[PDB]
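A.B. asks: The structure that follows is given in the form of structure tokens.
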Ligand SMILES: [Ca+2]
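Residue numbers (the deposited numbering): 1 to 764.
Structure (structure tokens):
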């Protein structure tokens, strides 16, 4: 997910420009949903994942906002001490506390039900039980009990009109998410939002902690500690899942690192090269970064050095010369199947061999395979997500920097041999594999282009469309699933704010019972591929001028009225006078456009897919039910103010108003996929609505930990290198902080004050 916010001092013909490209993968129907809300204090336009009541990507005429995943460490694992004689009890503060438990049965269409029990302790749900050590590992999220509040903070921030008002909602968003701000006066800002634990001294957040009491969190850190910047000296805020600020620690996941090698530098390079950007140039950064090879910039200096004494007759030299004449941009040939230059295939083969010889060799099996990927891994279907610098490559980059790197190399990744020797040896392996395939002349190689697929299964692996709806795209583009731009105070024109977005394949996922696709089923698919965009309307004049349909709806609760106006791309605009009615119109239009997708997202987020699709989804259903506690979500809803509750209730009731019309005349209104898969849509509740957010936002982007795997790795590293050196190798592969990491907030602005204790920890 990427973002670039350009302020007053860096914007040309405008006061501020915001460009967001969140990366969620490619699906049909679209991952995000375009929506306009007007009334009850709301006047907002934009698009949002899974049609959440809160619009994640948008603006309100005064401020614009967006987000990328935060990548912080908000999840810790508590190793609970089990009892030999007491089943279902654990030790906390000298006593034997009983575990909460709940029994679940997964109903299976044409199959056998599957029963199991989910366990929960004061730390969280139990994710794993090791009988040998009598340990139950419990997952503690700093945001547990704040799921519904995080959804409502995203909804209320839509009404903010300045920095203090917006940061007040940013403080109530408990998930690890980067939030961005821009306004009509040219002010830009950034907050790395979330609830983060206040840990005991010597708590290494990369490894599990005993859950007996001595290591329980002292509570949560204050919002004052969260990295934030307002109008940075640089005049821009750029992010591509990189570090928010100097000394700020990343998530404990072993593949996730923030080091000297970071893809955000690709955006920083473009933004620093010129002093001012127009709206069209800011948007063009998408085209540029989408085609950028991320490894050329990192390894070309070492490759030129290793082949400096070679003449042009040497094949290893011919490979580096081909890389040295390349601009790093990948373009597809007229055939639609191959790249114009072979550089990425050369870097892929070289990196794969380099990693086998360096990082993979140093790490004992079966942990070596964790650092073997080159970052180019793809199938004929194309990459399912973004392309990044791999974890192995990030560690290899530190070793290549050597002296320049702040990471102590506790083990020489080059195993005694000089690095030039290893670099030429990997180049020879790359030459051998690539010449066997394309012949001995590098100038004639037509290497395969990465393709893209708009998947008919959601990110969970569950159908959200018939398989036949999957669409191919010849060019893979390392860009957002959607891209949106907001331009504040443009010098040209009679509008104080301009916005655009692209929601492909289209605004609608509706396919009629006879197979007829809606007019807005795929009318944005070609616009996406060609880096085009469509206008986002906010004012009633713009909405009414570009309208295509207009209808009134009578809310079933109070016979009140809601006006729905759809634009030329099918994007609905809701007009209502109270909170309940507003969200009722929203849920109603979601049910008209994305019923089959939302119903499948509902079953995916609650683990009820097998009920309608069969035994294939049983392990998926079980794992979803094991990863949440329904009573906590229901308690969070039950304790909402009447205003916050009307948002969820209105939305659910609005969906039910359309579902009833659908079930009254299925032969004309039932989405075709309900007939293809053999079931009917049913009513939604505020629970269902909250669980779409929890299951697809909190669980997908804010629930990442690999502490148990980290412990297994550290245990093997101590076995190989000894207790002392093994821990120092762990600090070289999975460092807590790396000061050379490119950061969204400049070091000049501020740094993370919280320093961590290395000596004496839970691993002593
Ligand atoms: Ca952690």
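Where is the CB? At the ideal position from N, CA and C, for every residue including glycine.
Roughly how many whole angstroms lie between the Cα atoms of residue 693 and residue 604?
C.D. replies: Taking the straight line joining both Cα atoms gives about 12 angstroms.
A.B. asks: In three-state DSSP terms, what is residue 379?
C.D. replies: Looking at residue 379 - three-state DSSP - the assignment turns out to be coil, as it is neither helix nor strand.
A.B. asks: Kindly give me the distance between the Cβ atoms of residue 49 and residue 696, rounded to whole angstroms, as I take these residues to be in contact under 8 angstroms.
C.D. replies: Contact flag correct, Cβ pair sits at about 6 angstroms.
A.B. asks: Taking contact to mean 3 or more Cβ pairs, one atom from each stretch, closer than 8 angstroms, check whether the region 466 to 474 and the region 484 to 492 are in contact.
C.D. replies: The region 466 to 474 vs the region 484 to 492: no contact.
A.B. asks: Tell me whether residue 705, by its Cβ, gets closer than 7 angstroms to a heavy atom of ligand 1.
C.D. replies: Yes; taking the cut-off as 7 angstroms, the Cβ of residue 705 has a heavy atom of ligand 1 nearer than that.
A.B. asks: Can at least three beta-carbon pairs, one atom from the region 97 to 113 and one from the region 197 to 207, be found at a separation below 8 angstroms?
C.D. replies: No, the region 97 to 113 does not touch the region 197 to 207.
A.B. asks: Ligand 1 and residue 765: does any heavy atom of the ligand fall closer than 7 angstroms to the residue's C-beta?
C.D. replies: In this structure the chain extends from 1 to 764, so residue 765 is not present and cannot be described.
A.B. asks: Do residue 68 and residue 22 have their beta-carbon atoms positioned less than 8 angstroms apart in this structure?
C.D. replies: Contact: yes.
A.B. asks: Short check: CB of residue 584 to CB of residue 562, under 8 angstroms?
C.D. replies: Closer than 8 angstroms, so yes.
A.B. asks: Going by DSSP, name the residue or residues bridged to residue 79.
C.D. replies: Note: residue 79 sits in a beta bridge opposite 137, 210.
A.B. asks: Report the rounded CA-to-CA distance for residue 172 versus residue 420, giving the unit in angstroms.
C.D. replies: Spanning the two alpha carbons is a distance of roughly 52 angstroms.
A.B. asks: Does the beta-carbon of residue 93 have 16 or more other beta-carbons within 10 angstroms, so that it is buried, or is it exposed?
C.D. replies: Label assigned to residue 93: exposed.
A.B. asks: Mapping DSSP to helix, strand and coil, what is residue 542?
C.D. replies: Three-state result, residue 542: helix.
A.B. asks: Say whether the region 424 to 443 touches the region 375 to 385, bearing in mind that this needs 3 or more beta-carbon pairs closer than 8 angstroms, one atom from each stretch.
C.D. replies: Because the criterion of three Cβ pairs below 8 angstroms is not met, the region 424 to 443 and the region 375 to 385 do not touch.
A.B. asks: Thinking residue 709 and residue 254 are a contact (beta carbons under 8 angstroms), I'd like their distance in whole angstroms, please.
C.D. replies: Residue 709 to residue 254, Cβ: 6 angstroms. Contact.
A.B. asks: As a quick exercise: from 647, 573, 474, pick the residue whose alpha carbon is nearest that of residue 451.
C.D. replies: Comparing Cα positions, the closest option is 474.
A.B. asks: Rounded to whole angstroms, how far is the Cβ of residue 576 from the Cβ of residue 45, which I believe are closer than 8 angstroms?
C.D. replies: Actually they are not in contact, since the Cβ atoms of residue 576 and residue 45 sit about 15 angstroms apart, beyond 8 angstroms.
A.B. asks: What does DSSP give as the partner residue(s) for residue 448 in the beta ladder?
C.D. replies: Paired residue(s): 338.
A.B. asks: Beta carbon of residue 205: closer than 7 angstroms to some heavy atom of ligand 1?
C.D. replies: Under cutoff, so the answer is yes.
A.B. asks: Give the straight-line distance between the Cα atoms of residue 566 and residue 531, rounded to the nearest whole angstrom.
C.D. replies: So the alpha carbons of these two residues sit roughly 24 angstroms apart.
A.B. asks: Tell me whether residue 571 sits in a helix, a strand or coil according to DSSP, three-state version.
C.D. replies: Correct three-state label for residue 571: coil.
A.B. asks: Which class does residue 16 belong to by DSSP, given the choice of helix, strand or coil?
C.D. replies: Note: residue 16 maps to strand in three-state DSSP.
A.B. asks: Would you report the Cα separation of residue 501 and residue 270, rounded to the nearest angstrom?
C.D. replies: Cα to Cα, the separation comes out at about 22 angstroms.
A.B. asks: Nearer than 7 angstroms: is that true of the beta carbon of residue 252 relative to any heavy atom of ligand 1?
C.D. replies: Flag set: Cβ of residue 252 near ligand 1.
A.B. asks: Would you mind stating whether residue 51 and residue 691 have Cβ atoms separated by less than 8 angstroms?
C.D. replies: Taking 8 angstroms as the Cβ cut-off, residue 51 and residue 691 do not qualify as a contacting pair.
A.B. asks: Which one or two residues does DSSP pair with residue 109 in a beta bridge?
C.D. replies: Residue 109 pairs with nothing; no bridge assigned.
A.B. asks: For residue 187, which option in 161, 177, 174 has the closest C-alpha, if you only look at C-alpha atoms?
C.D. replies: The candidate whose alpha carbon is nearest that of residue 187 is 161.
A.B. asks: To the nearest whole angstrom, what separates the beta carbons of residue 239 and residue 744, a pair I think is in contact under 8 angstroms?
C.D. replies: Between residue 744 and residue 239 the Cβ distance is about 5 angstroms, and since that is below 8 angstroms, they are a contact.
A.B. asks: Touch check for the region 740 to 755 and the region 408 to 424: three-plus C-beta pairs under 8 angstroms?
C.D. replies: They do not touch, by the three-pair rule.
A.B. asks: Output the distance between the C-alpha atoms of residue 176 and residue 653, rounded to the nearest integer angstrom.
C.D. replies: So the two alpha carbons sit approximately 30 angstroms from each other.
A.B. asks: What are the start and end residues of the beta strand (DSSP E) that includes residue 502?
C.D. replies: Taken as a continuous stretch (DSSP letters only), the beta strand (DSSP E) holding residue 502 covers 497 to 502.
A.B. asks: I need the DSSP call for residue 484, collapsed to helix, strand or coil.
C.D. replies: If DSSP states are grouped into helix, strand and coil, residue 484 belongs with the strands.
A.B. asks: Starting from residue 548, trace the alpha helix (DSSP H) in both directions and tell me its first and last residue.
C.D. replies: Unbroken run through residue 548 is the beta strand (DSSP E), 547 to 554; no alpha helix (DSSP H).
A.B. asks: Taking 8 angstroms as the cut-off, does the region 387 to 403 touch the region 356 to 372 (at least 3 CB pairs, one atom from each stretch)?
C.D. replies: Contact between the region 356 to 372 and the region 387 to 403 is present, because at least three Cβ pairs lie under 8 angstroms.
A.B. asks: When the Cα atoms are used, what is the spatial distance from residue 169 to residue 199?
C.D. replies: In a straight line, the C-alpha of residue 169 is about 25 angstroms away from that of residue 199.
A.B. asks: Decide if the region 6 to 25 is in contact with the region 543 to 561; the criterion is three or more beta carbon pairs, one per stretch, under 8 angstroms apart.
C.D. replies: No: fewer than three Cβ pairs fall under 8 angstroms.
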